[PDB]
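Just the heavy atoms: all of them, side chains too, but no hydrogens, waters or symmetry mates, feed the values below. A note on names: the letters A, B, ... follow the listed sequences, proteins ahead of strands, and every chain is numbered from 1.
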Amino acid sequence: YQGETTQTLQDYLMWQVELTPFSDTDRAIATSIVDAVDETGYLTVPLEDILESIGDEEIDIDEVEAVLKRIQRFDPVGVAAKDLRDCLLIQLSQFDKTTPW
Amino acid sequence: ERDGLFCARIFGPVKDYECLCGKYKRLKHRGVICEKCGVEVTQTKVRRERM
Amino acid sequence: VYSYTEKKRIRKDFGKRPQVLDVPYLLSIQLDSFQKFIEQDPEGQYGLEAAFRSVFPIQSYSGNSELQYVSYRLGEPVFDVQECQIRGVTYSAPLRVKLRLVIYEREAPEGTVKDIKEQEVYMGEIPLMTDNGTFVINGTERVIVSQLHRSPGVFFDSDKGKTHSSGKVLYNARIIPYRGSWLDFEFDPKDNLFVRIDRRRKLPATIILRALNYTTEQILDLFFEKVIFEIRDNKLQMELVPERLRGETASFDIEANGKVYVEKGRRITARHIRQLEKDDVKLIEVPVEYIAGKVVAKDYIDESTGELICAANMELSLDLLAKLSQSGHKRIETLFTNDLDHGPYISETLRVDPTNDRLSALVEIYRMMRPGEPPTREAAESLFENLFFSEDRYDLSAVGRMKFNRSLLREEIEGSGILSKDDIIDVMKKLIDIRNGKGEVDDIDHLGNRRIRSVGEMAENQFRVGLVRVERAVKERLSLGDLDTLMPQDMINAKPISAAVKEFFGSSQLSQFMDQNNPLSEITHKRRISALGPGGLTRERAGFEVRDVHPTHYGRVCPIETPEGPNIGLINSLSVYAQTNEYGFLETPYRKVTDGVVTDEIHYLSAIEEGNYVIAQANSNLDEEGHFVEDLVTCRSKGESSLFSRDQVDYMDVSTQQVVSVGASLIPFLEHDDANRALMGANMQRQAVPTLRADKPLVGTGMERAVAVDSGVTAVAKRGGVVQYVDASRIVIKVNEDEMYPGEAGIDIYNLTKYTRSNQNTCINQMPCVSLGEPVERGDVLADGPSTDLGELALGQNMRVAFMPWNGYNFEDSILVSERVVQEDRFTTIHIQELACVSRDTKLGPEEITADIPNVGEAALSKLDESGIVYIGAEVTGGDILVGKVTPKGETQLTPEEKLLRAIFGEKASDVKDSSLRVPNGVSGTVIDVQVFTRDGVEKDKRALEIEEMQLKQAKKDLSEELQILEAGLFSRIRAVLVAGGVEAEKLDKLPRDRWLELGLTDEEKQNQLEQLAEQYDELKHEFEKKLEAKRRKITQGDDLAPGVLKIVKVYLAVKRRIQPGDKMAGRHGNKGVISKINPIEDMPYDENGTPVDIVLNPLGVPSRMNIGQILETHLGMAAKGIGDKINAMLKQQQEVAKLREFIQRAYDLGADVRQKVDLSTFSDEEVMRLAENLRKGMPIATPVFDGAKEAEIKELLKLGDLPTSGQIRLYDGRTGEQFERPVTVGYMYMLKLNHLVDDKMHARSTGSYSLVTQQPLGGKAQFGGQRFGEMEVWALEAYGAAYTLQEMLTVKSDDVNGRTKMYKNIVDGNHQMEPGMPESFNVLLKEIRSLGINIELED
Amino acid sequence: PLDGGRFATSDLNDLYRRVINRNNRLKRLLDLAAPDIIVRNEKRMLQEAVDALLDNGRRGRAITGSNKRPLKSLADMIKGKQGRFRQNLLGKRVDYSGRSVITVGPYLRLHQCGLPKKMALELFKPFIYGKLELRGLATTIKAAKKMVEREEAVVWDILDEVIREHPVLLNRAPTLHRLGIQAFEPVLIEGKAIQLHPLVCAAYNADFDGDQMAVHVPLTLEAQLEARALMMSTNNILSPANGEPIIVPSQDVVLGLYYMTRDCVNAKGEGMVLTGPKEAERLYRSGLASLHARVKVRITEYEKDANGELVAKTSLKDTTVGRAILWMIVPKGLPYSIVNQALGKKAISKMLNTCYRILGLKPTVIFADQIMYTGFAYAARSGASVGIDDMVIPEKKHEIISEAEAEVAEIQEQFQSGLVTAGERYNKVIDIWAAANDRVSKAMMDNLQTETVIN
Amino acid sequence: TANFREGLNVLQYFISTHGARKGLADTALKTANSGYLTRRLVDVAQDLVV
DNA sequence: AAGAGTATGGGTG
DNA sequence: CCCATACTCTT
Ligand SMILES: [Mg+2]
Ligand SMILES: [Zn+2]
């Protein structure tokens, strides 16, 4: 007997990371960020933990911020948000300005 | 079950980079042997190549 | 004289031979078998009674108490067949068996009756057979296929010298019981007999003889003949029988009475034997050398010494003769053996046999049976006793005993079920006689040696298998002493019996889902014979011989209809008139010929009986009074056919369709088709899909009505009467007065089946074929089922076809189809699919079926009702929600972020998650039915209540329909009584009927009668109220679901499939093809009147296939359409009824001495007009499979319709208007749409899911799998030398995990380059080999 | 994992559990110093359990499950037709593949196949994603994925652009030789069936009555170039087994070419002198001349010189209208005698072989396509059909049968007189019937093959 | 003595069924042996290269 | 004391 | 069905 492979949220996120024009450093940062995402779609660790997990001192926090901002626009929109306010604002930023309220 | 045919202490983690009890969970703790459950913090695919 | 159904549309018959025997009911083999299994038998030979009498009485070891069986009974089923199919349960009946526990005292004569207790106990559920010969198991119809196996008894065979390299045959015999161990005897190249038990180690043949308490002298007496030498004081004077010297040569001077009849060196001839017999020559002087090697019969002793002179079965010598000569012995016994005949085999078997006693033979038998254990006298004796002489372990059944006795030329047919010494001795003697040269071996494939076993016998066997286990358990539990309070109910458990019955009826190899493509499929499935199954053969080890057509198959097994492939010759079809014996052997009917006159007497003969007579063919001319016209008739006598005289004929065939099966009898002009294409056509005819509208063949054989009616797919009137109510869903018949029972309301109600899914995901729909107020009779068809048209089988459509090539679009069996065919929906089919949603119970809480899902939008919930279930009639596609369900996910810990989420977006979102049922991707249709199953004790939702109300309405309607008639009759009686005395006339009808009850008459009998009528009215109302309450209780009953299951919801979707290129079409003659192109109407070839054809077929496919029946069918269909066109033209311009009936009478009277006679002078004008209306699209025609129409009759019918005799016309090209250079055959053919649709075939995959272990793509369209690249494709790529293609196929497309991702990324980036790695299956292989303790590793 | 929370078990895990239980019991018994009569039995059972784990059934009995089925061991995983080697290593299932029913494409060229676009959309999905991202229609991978899921109008243009020159592999099972897989250029079609060239079916042993084929997509540049240069059907003209052509016409093409190259004694337009094949075609299409009429036509033919130069010669030839019409398809370099006859299957095969040996590969492919087109067209134009009157029975059949029956009767009476043995009579009867059958066959074939015409 | 245009009777058709079924069974069976033969031939000459 | 023949078990389909 | 090995009769 044998089952079949199933695609989870992290598998889909890594599939999107693979087909994104990242650099090697950005790809490692994205790998760590996706590793730090739970099944509800929220980031579980502060960016300091990710920066420490990268393992080199040549990288600043703003690069991690840029990679996180790029990742947060993946499908589904709002994934890897820091908190509820961040997720709501990310979802709103994808709406057209013609929205009434 | 511990010391059984699917033991995580012998064959490896059932989740990526998470020990069985749950003290160490992320990539910053890679290569760490937990002193409580004895499970290494590594990939869960090592269960395909550990006898 | 014709029935009402047949008089609406009479089919013209071209048969010429009268029928003396009707086609029997086509499902008798199932119904009779199950009735025999289930019915009450005063004797104990069949059914449950036989099984009960074979186990009971059950007696304990001590004998102080015992159990006895008195009788059994079957209760009424809880639900009906339709109710069981709706609820998905099994249609069965309870078994109530009466047992009696008797207690015996001690120290008393015989057995004293201390106490007797009788109790009726429950033995489980037994599935019942429906009226159509099916079983409903878990709400699905199932068929149990009959088995063709080897009959019990003794059979003699011989390997044809293949085992040994000297080309010598070895005769053997085999004894096979119905239940027990096999017993084999065999010869060897040394002419030594040997015995095998249960196919085990070979043993000498005398072991069994000694085990039967026999001595060497007795064995020699049995198997040899005695010769007596007398010592008459002079050189052993001998009494000679001349027959002893036949075939021999004299080794000495044979003289008698002074005359030397035979000299030295002269062989004994027949003349010498005759002279000796005439002269009664007895005394013969023989030399001592004549006894140099003779075998001594018995043991001899010396009176003086008192020792044994010699032992039995020993060669003699001169010294032994001297010893016996001086010991005062005058009689010597020897055995008579030679080389040509009476060969010594038993003596040599004794010589090789090491045993010389009786106790050691049992020891050796025990050692052979069970090695590796010390032998025990008692154990060996019990083993031998129970091997073949115990009724509890060995059974030679009635058929087995009959065959055993018949094979040994016995006279008694009946006997015992166990072997005896006489049986084994006779088998040995018969085998010896076969070896000597007198007698013949048996034919295993002869149908007199093969037997039929049906569902009832198998059910009886399984029931006994359960019953013996129950008896063993009871005997185990009866040893303990508690009889003063024990009861039979507590002693037995009904679990093993029910488990065995369920296993047999649900998971047996011969129990299968019924083939439900069309009525012909079901008929064929119910008449199937299998050589496989438990106790049969296997396809891997069958052999050529068992797959061949045997001469005894004639009339019993169809020689045409058999699957092509591995199972060829192993699956068979019953013939039309075939039956079974009481022993289970196939028999056929014949007409008896008495003194050269063929009579109407019918005799059913089996294969053994048939070979002893000369039987004439059914194609033999006869006079008016029944005399053969010729004097040299063709007949079959002993497996061969030749000419015989008129007075040598004993029997004649009853019909020309006696040899074929039901499916083969439906092929017109079968005698003009090759057998291979006939087999293909018969196989393909039963996989046609019903279309939207049925169409009768218009060229048939006459077997359509029988198949349509005997299948049970139609509604048939149980009693005659008038159509009181007709509707698209129900029919109500007002029964005739003389067919009614006393005290009933004479109405019959038929509820029709509407758009129901079948086992093959097709549509089952019934439509009425009667009008309001018309008379009906018992047996008439009231409504047509699928593939039925006015009570006739209708599997396809009539197509206008031409035979010509058309620009390569009919190349290699391709089919060109007109667009008008598609526009008229002539091959459009309905397909119904089922989906299920199950709500279970979890530890976190039960799952809820609801319409409130928090994570989906309002638009996606628009098609769900208030209960979360889709509406009836909604159009859905892939991804749509059918049933909304949520699964609990609550936790007892609330984090601040969780509290914020619950506060802002509600608590329902944080507690449950979506687990709804959605339409699978690539599926579409319309919701036509929803069913809800709820466990008993759980509250019902709105949808279930609506369904139950709809169910209650119909029962209320039927009960009201009966009550109306009954109360109208009663009130008519009341009014009649009121009129006779105290009549009010108009005032009586001014008041309603209830006010008639509020009246009184004189003190005479009038008031008493009125009171009686009122009491009857009250009783009738009470009875109908009780009936309605019982129906409501049955409807509202809860469901018995699987453990942990709360609710189930089933949704049905209906879709319509149109014809398209890639679909498979076929005729009835083995002419199959695939549609290649749909052609616009103005591109098709057309005739002088501008009429195009529907189909274009390649004429190149006819000559090499030799299926000429399609051309004749096309010509005859052209003629039939011409007659129909004449009738239609006559109808369009209103003409007199006289002209119409004159032309129709001319059409029916055509032919060359046809048996059919139609007279329209007994038809009314309305009936004539109705018949003409039903004939305006072509006159249907019947041609039996060997009594059909000739070419001259076809040409005459073409002439009647003003059509060319050749059957060919001129056509014009649609695209250019130019005439084709040669005439083209144009006509009508019956075409079928098969169940190989290109919608179910096309599949493609880019990437998807993989196996967990091998990491390779899955297989199958349902799994969205990939195609397999096997070894032969690898060989092809190697032969090309395409190494990179092979490597790419091997690594980055199947199981190189990183290579797959890298290749996908590179392809997206526009860089077509791979980075191959190691396949994962090789690593799995390395790990598996290491797990075996072997060190295998990669190096450098 | 099964529905309801049940986890069931596997054979390997069951065997491991049995071994572990036996080992633990034996350890406990040896620790407590149990009597030897028990420990010997425990050791024997442990040996049996290890044997069952390693190779179940090889030693004596086999341990079975609930349904009386023997459990699978490691050896069962390794060996057999269902083992690793034959099921996962020598062959496997692959991505980028499909299958469906095959129909005939009479309009296709030899290097082309007909592919449904519903299959092609799934087969070429990552190529379409890359092409969508390349020209700015999609900015991210999810945008292209959603655009393809919606099946917008531009994705069809993208698909037509990405499959322009990209061979695919068609395979029919069983693959008996290397001609069972061939490469073709796809043409996007509507419907759900694959269209196949009529001239390749003989190589596939395929017919259009239910057969299905599988399709595979090469990915890398090396695979595509191997498909174009090694496996293209235009390269597989000759047979690797014997060197003979395998794309020879059959059936309808042969029938049409045979019909158009026959002559009739007195046909319309007979006896006129024509200026060339074009005048013959004009006369035939106008209805002024018959296809079978015997005429004289001016023909120019080319022959290769000693150094390989085509030299022309012109002359008047006695031929028919149909042969002159067919001559317009023959390439330069072949003699006119190759068509001036009634062309059967063997003649057409010889013509193709001559063209290949004299001129090369490309003219042979063009010639084969033209031959197929002309054969189909004229087979359609002929109107050839089959009727019951075409099967003409000889009028002497019954007389021959009666003579044979009389001989059988007289020899049977002679045998009944006791003059011959049984086997001799049987052989004589068989010989008589064989002779009668030969006579009937000769009479029927003599009647069938000739007809009477008015001069 | 009959052809397919004029038609066969019951006995002649029953006689022809023997050969029909024998041919069909032989065709159904021989492929399994042909596959084994070609497998062995491929096994014996797998590695022969110019 | 070897040598040829027979019975049994393994493998394939 | 075909081949390899242990056991039995014969020169
Ligand atoms: Mg085919
Ligand atoms: Zn831990």
Side-chain angles (χ1 to χ4, degrees), chain C residues 157-172 182 184-207 315 345 348-355 364-365 367-372 532 537-547 565-570 1270-1272 1275 1332, chain D residues 51-52 54-62 70 72-87 89-91 173-176, chain E residues 24-46:
Chain C
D157 198 306
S158 66
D159 69 89
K160 308 94 190 66
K162 296 168 55 181
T163 65
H164 203 254
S165 297
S166 297
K168 177 176 175 56
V169 297
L170 302 84
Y171 295 102
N172 60 87
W182 302 356
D184 321 328
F185 301 87
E186 55 177 346
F187 271 99
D188 266 20
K190 300 179 181 179
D191 291 67
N192 288 327
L193 283 174
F194 292 103
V195 180
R196 306 176 73 100
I197 303 180
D198 283 321
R199 261 295 185 180
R200 297 195 74 92
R201 191 178 76 262
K202 170 189 298 181
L203 253 59
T206 325
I207 302 291
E315 65 279 5
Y345 317 112
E348 286 76 347
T349 306
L350 281 159
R351 193 173 314 278
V352 183
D353 182 55
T355 61
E364 203 165 15
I365 291 181
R367 294 190 70 96
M368 182 212 65
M369 288 294 299
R370 301 177 184 178
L532 311 178
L537 303 176
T538 58
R539 68 195 65 179
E540 38 271 5
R541 301 170 178 264
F544 289 103
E545 274 64 22
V546 76
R547 303 173 184 261
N567 292 329
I568 183 174
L570 304 182
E1271 293 186 38
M1272 300 156 77
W1275 299 342
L1332 282 158
Chain D
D51 291 353
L54 286 182
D55 199 329
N56 185 23
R58 176 170 284 268
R59 176 56 173 85
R61 310 174 184 177
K72 292 194 61 178
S73 53
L74 307 167
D76 297 324
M77 306 301 176
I78 293 300
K79 68 179 162 53
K81 189 179 181 297
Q82 302 294 120
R84 281 289 171 269
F85 281 107
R86 302 187 63 183
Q87 199 73 10
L89 293 176
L90 295 168
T175 312
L176 306 181
Chain E
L24 285 180
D26 184 21
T27 297
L29 187 54
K30 60 178 176 176
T31 64
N33 310 341
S34 300
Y36 197 28
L37 177 64
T38 181
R39 263 202 66 87
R40 290 178 295 179
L41 285 179
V42 172
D43 285 330
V44 81
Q46 176 73 93

Distance, nearest 0.5 Å, that separates OH of C:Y171 from CG of C:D188: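 These two atoms lie 15.0 Å from each other.
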message: I'd like to know whether the aromatic ring centres of C:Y345 and C:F187 sit less than 6.0 Å apart in this structure.
response: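 That pair passes the under 6.0 Å test.
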message: Whether the side chain of C:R547 engages the backbone of C:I568 through a donor-acceptor N/O pair (distance < 3.5 Å, no angle test) should be reported.
response: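 Checking the backbone N and O of C:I568 against the side chain of C:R547, a donor-acceptor pair under 3.5 Å is found.
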- prompt: Is any side-chain heavy atom of C:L570 less than 4.5 Å from a side-chain heavy atom of C:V546?
  reply: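 They are in side-chain contact.
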- prompt: Thinking salt bridges, do C:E348 and C:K190 make one under a 4.0 Å N-O criterion?
  reply: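 Here C:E348 does not pair with C:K190 in a salt bridge, since their nearest N and O are not under 4.0 Å apart.
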query: Taking the six-membered ring of E:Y36, is the NZ or CZ of E:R40 close enough (under 6.0 Å from the centre) and on axis enough (within 45°)?
result: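 Yes, cation above the ring, under 6.0 Å and within 45°.
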- prompt: What string of B, S and - do you get for nucleotides 5-13 of chain F, 5' to 3', if B is base contact, S is sugar-phosphate-only contact and - is no contact with any protein heavy atom under 4.0 Å?
  reply: ------SSS
Nucleotide-resolved protein contact map, nucleotides 1-11 of chain G, B/S/- at heavy-atom distance under 4.0 Å: S----------
field: Qualifying salt bridge (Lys or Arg N to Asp or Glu O under 4.0 Å) pairs with a residue from residues 159-172 of chain C, counting only residues at least two apart or across chains
entry: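 Those involving residues 159-172 of chain C are C:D157-C:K160.
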